[PDB]
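Positions are given from 1 along the sequence.
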Amino acid sequence: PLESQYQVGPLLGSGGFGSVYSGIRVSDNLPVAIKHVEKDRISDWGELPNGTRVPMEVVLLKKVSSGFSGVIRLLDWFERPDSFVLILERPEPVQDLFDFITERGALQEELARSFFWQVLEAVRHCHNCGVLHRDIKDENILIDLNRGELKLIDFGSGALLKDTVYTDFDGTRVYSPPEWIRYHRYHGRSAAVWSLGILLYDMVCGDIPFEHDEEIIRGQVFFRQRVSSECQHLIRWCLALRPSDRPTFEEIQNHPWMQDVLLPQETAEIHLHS
Ligand SMILES: Nc1ncnc2c1ncn2[C@@H]1O[C@H](COP(=O)(O)OP(=O)(O)NP(=O)(O)O)[C@@H](O)[C@H]1O
């Protein structure tokens with residue numbers, strides 16, 4: 001075939017590992033996103049079930065692909081001499097959570113509850129498929145505005161999920177746990193939960209709680225916005241200094257603050273004016 005099975009549009013984002021463009025599949029007009037990653041900027045390399053040297057991002061995306069809309073679907077991929085090109089599904093209209101929060105400010109709790117629940121469902125899907133995202137954050141979450149459905153993207157910092165200790169990290173620092181900062185060691189699940197705590201704080205406060213290593217290590221959370229005691233409790237639990245003190249995914253979803261979540265479509269009708 002050859003890459004030109006697609007019509008390239010505007011640049012949607014860069015600055016992380018790749019440059020992502022809006023595109024359209026010529027065959028059926030399907031909207032897609034075209035992500036380019038330079039071979040020299042790829043942190044971890046992996047190999048495909050059939051024996052081929054490809055970026056870990058392709059390995060992980062293949063492992064999570066399925067009918068579940070919570071994670072972006074990899075449609076196809078290509079290798080060039082100096083890069084890899086990934087063809088991803090693209091919702092329309094769409095907006096990433098960083099832009100959404102930047103534009104709208106702190107989210108009402110009902111909206112944050114729906115968004116956060118969906119992220120949880122998506123991360124649980126990843127882990128059940130043997131994949132650890134390692135870069136959960138606003139920029140890496142897409143909002144399908146008409147459907148009220150959130151989608152996780154950017155597996156460029158990810159890894160295969162394991163139960164032993166990780167001594168490597170290339171995700172976002174200010175989303176990284178204190179055990180990483182101090183000892184360069186963490187376990188996947190508890191680190192994911194720390195990042196979820198940063199994410200939830202960001203949603204209900206409009207910004208992240210910590211900027212410097214010192215603040216991460218201290219782990220003291222201050223609320224600048226009016227946030228319910230149940231939400232505050234959940235956030236502070238996710239941000240426990242000792243990893244074993246953090247809640248499992250099940251405890252998060254069983255937390256009182258998470259009860260009575262809106263359906264995605266309900267969410268869009270009320271908060272995204274469908
Ligand atoms: N499938 C998609 N559909 C629509 N927009 C996308 C899609 N993939 C990525 N984007 C946008 O492009 C940006 C960069 O995509 P991403 O896969 O995150 O690459 P990255 O530049 O390497 N860093 P990051 O934002 O930390 O993942 C995002 O923040 C999204 O705004």
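No more than 12 heavy atoms of other residues, nucleotides or ligands sit less than 6.0 Å from atom CD of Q108. Atom CD of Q7 has 12 or fewer heavy atoms from other residues, nucleotides or ligands within 6.0 Å. Taking a 6.0 Å sphere around CD of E38, one finds it holds 12 or fewer heavy atoms contributed by other residues, nucleotides or ligands. Heavy atoms from other residues, nucleotides or ligands lying under 6.0 Å from CZ of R218 number 12 at most. No more than 12 heavy-atom neighbours from other residues, nucleotides or ligands sit within 6.0 angstrom of CZ on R242. With a 6.0 Å radius and a threshold of 12 heavy atoms from other residues, nucleotides or ligands, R147 has its CZ atom at or below the threshold. No more than 12 heavy atoms of other residues, nucleotides or ligands shown are found within 6.0 angstrom of CG on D82.
Seen from the ring of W45, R53 counts as a face-on cation partner, given the 6.0 Å and 45° thresholds.
To the nearest 0.5 Å, the span separating CZ on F68 from CG on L152 amounts to 9.0 Å. Separation of atoms CD (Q265) and CG (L272) is listed at 9.5 Å; rounding is to 0.5 Å. A distance of 11.5 Å separates SG in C129 from CG in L61, rounded to the nearest 0.5 Å. With rounding to the nearest 0.5 angstrom, the NE2 atom of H133 is 13.5 Å from the CG atom of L161. To the nearest 0.5 Å, atoms CZ (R124) and CG (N128) are separated by 6.5 Å. Going from atom CG of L88 over to atom CG of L142 covers 9.5 Å, rounded to the nearest 0.5 Å.
Using a 4.5 Å cut-off between side-chain heavy atoms of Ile, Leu, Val, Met, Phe, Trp and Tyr, with links allowed through other members, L107 and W117 fall into the same hydrophobic cluster. Transitive grouping of hydrophobic side chains (ILVMFWY, heavy atoms separated by less than 4.5 Å) brings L97 and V227 into a common cluster. Under a hydrophobic-cluster definition in which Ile, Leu, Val, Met, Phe, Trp and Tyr are linked whenever side-chain heavy atoms come within less than 4.5 Å, directly or via other members, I208 and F98 are assigned to different clusters. Residues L12 and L150 fall into different hydrophobic clusters, defined by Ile, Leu, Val, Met, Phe, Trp and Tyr side chains chained together at heavy-atom separations under 4.5 Å.
When hydrophobic residues (I, L, V, M, F, W, Y) are linked wherever their side-chain heavy atoms come within less than 4.5 Å, the members clustered with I270 are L262.
Of all heavy-atom pairs between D96 and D99, the closest is OD1-N, 2.9 Å. Closest heavy-atom contact between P177 and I216: C-CG2, 4.2 Å. Of all heavy-atom pairs spanning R189 and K162, the tightest one is NH1-O, 4.1 Å. Summarising the geometry of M56 relative to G158, their closest heavy-atom pair is CG-O, 3.9 Å, with the distance given to 0.1 Å. Closest non-hydrogen pair, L199 versus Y175, comes out as N-CE2, 4.3 Å. Closest non-hydrogen pair, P264 versus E149, comes out as CB-CG, 3.8 Å.
Without hydrogens or angle criteria, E251 side chain to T248 main chain gives a donor-acceptor distance under 3.5 Å. A donor-acceptor distance shorter than 3.5 angstrom exists from the side chain of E57 to the backbone of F155, with no hydrogens or angles considered. Checked by atom type and distance alone, the side chain of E179 never pairs as donor or acceptor with a backbone atom of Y186 at under 3.5 Å. Distance alone, capped at 3.5 Å, is enough to place a donor-acceptor pair between the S274 side chain and the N146 backbone. Looking only at distances, a side-chain donor or acceptor of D135 sits under 3.5 Å from a matching main-chain atom of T172. Using a distance-only test at 3.5 Å, with no hydrogens or angles considered, no donor-acceptor pair links the side chain of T52 to the main chain of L48. At least one donor-acceptor pair under 3.5 Å links the side chain of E215 to the backbone N or O of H212. Between the side chain of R246 and the backbone N or O of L241 there is at least one donor-acceptor pair closer than 3.5 Å. Although no hydrogens or angles enter the test, the distance criterion places no donor-acceptor pair under 3.5 Å between the side chain of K63 and the main chain of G130. In this structure a side-chain-to-backbone donor-acceptor pair under 3.5 Å is present from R90 to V32.
Here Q259 pairs with nothing under the side chain to side chain donor-acceptor pair (under 3.5 Å) rule; sequence neighbours left out.
Using a 4.5 Å cut-off on side-chain heavy atoms (C-beta onward), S43 and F17 make contact. A 4.5 Å side-chain heavy-atom check between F100 and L111 finds at least one atom pair inside the cut-off. Counting only heavy atoms from C-beta outward, the side chains of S195 and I136 approach each other to under 4.5 Å. A heavy-atom distance below 4.5 Å is found between the side chains of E109 and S228. The side-chain heavy atoms of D170 and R134, taken from C-beta on, include no pair separated by under 4.5 Å. When side chains are defined from C-beta on, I141 does not count as touching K151, because their heavy atoms never get closer than 4.5 Å. With a 4.5 Å cut-off on side-chain heavy atoms, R25 and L75 count as touching. Within the 4.5 Å cutoff, the side chain of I252 has heavy atoms near those of the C238 side chain.
You'll find the ring centres of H233 and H255 inside the 6.0 Å limit. Close placement of the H127 and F249 rings is indicated, their centers lying within 6.0 Å of each other.
Looking at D213 and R173, a side-chain N of the basic residue comes within less than 4.0 Å of a carboxylate O on the acidic one, giving a salt bridge. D154 has no carboxylate O lying under 4.0 Å from a charged side-chain N of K137, or vice versa, which leaves the two without a salt bridge.
Between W77 and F84, the ring-plane angle classifies as tilted under the 30° and 60° cut-offs. Ring geometry, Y21 versus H36: the interplanar angle exceeds 60°, so the pair is classed perpendicular (tilted spans 30 to 60°).
The side chain to side chain contact (heavy atoms under 4.5 Å, CB included) test with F78 is passed by exactly one of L86, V85, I34: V85.
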What do the steps show when you test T102 against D138 for side-chain contact (heavy atoms from CB on, under 4.5 Å), and what is the final call?
CA-CA 10 Å; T102 291; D138 54 8; over 6 Å; no

Applying ring pair (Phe, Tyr, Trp, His ring centres under 6.0 Å) to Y166 and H187, what does each step give before you reach the verdict?
CA-CA 6 Å; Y166 287 89; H187 291 254; 7.9 Å; no

side-chain contact (heavy atoms from CB on, under 4.5 Å) between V54 and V59: does it pass, once the steps are laid out?
CA-CA 7 Å; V54 313; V59 171; 3.9 Å; yes

Quick one: do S176 and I181 satisfy side-chain contact (heavy atoms from CB on, under 4.5 Å)? Show the steps, please.
CA-CA 7 Å; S176 83; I181 304 302; 3.3 Å; yes

How far apart are the C-alpha atoms of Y201 and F210, what are their side-chain angles, what is the distance that settles it, and do they pass the ring pair (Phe, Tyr, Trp, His ring centres under 6.0 Å) test?
CA-CA 10 Å; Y201 182 97; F210 313 125; 7.5 Å; no

Show the numbers, then the answer: is there a side-chain contact (heavy atoms from CB on, under 4.5 Å) between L30 and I24?
CA-CA 5 Å; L30 194 95; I24 283 157; over 6 Å; no

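With hydrogens and angles left out, the side-chain atoms of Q232 and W257 include no donor and acceptor closer than 3.5 Å. With no hydrogens or angles considered, a side-chain donor-acceptor pair links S114 and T267 at under 3.5 Å.
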